[PDB]
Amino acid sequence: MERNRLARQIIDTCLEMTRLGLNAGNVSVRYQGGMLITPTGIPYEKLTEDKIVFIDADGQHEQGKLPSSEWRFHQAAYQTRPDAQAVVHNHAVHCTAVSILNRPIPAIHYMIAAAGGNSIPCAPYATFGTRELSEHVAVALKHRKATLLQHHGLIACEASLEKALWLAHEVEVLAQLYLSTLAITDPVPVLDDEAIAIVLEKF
């Protein structure tokens, strides 16, 4: 079963995300014109493959299962980024602290280019699970693979669950770096766009 393997990988990603101190969250993959996504409320350690929720191309979820309350901005990510095959959302503490300040992460480290440019954006607040929040997410992901969400947390998407988790972890490292330096020096020194342009091509 294709679905069983993917659901197993979603759970592995969830358990791994908590093990790395990154998780609250939700994880999905692109699947058959819709998505497979974690359900609402169930702790990761209690997830079984059976509990993963399919949402079709119309937003109708499987019968008898309640998908993540934030499935709508997973759908927004997939519609915005044709290259996204997996989406990771969490409230990692350093990411979320930066999002409380409503600041993008600037080019403080060359690994910022892993999200596609010279920044991690911070999308404006809207209530979790709403269409307003979805639209902000779609805009933020137009030219970036990851974005902060003001007063909320982090969305990262990539071509595989492993890469989306890796990118989510990388943005959390970037956030910790930014908080640690901002506490000493405001503004934090950044690399110029020429430096990032060079790195972007090397990637």
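One-based numbering along the sequence shown.
Gap between residue 23 and residue 24: 1 to 3 deposited residues without coordinates.
In this entry, 127-135 shows the higher mean Cα temperature factor of the pair 127-135 and 80-88.
Note on 170-178 vs 50-58: mean CA B-factor is higher in 50-58. If you compare the C-alpha temperature factors of 160, 40, 150, 147 in the entry, 40 comes out highest. The deposited CA B-factor of residue 29 belongs to the middle third of values across its chain.
In the PDB entry, a CA B factor belonging to the lowest third of its chain's modelled residues is recorded for residue 141. Among the modelled residues of the chain, residue 156 sits in the lowest third by CA temperature factor in this PDB entry.
In the PDB entry, residue 164 places in the lowest third of its chain by CA B-factor.
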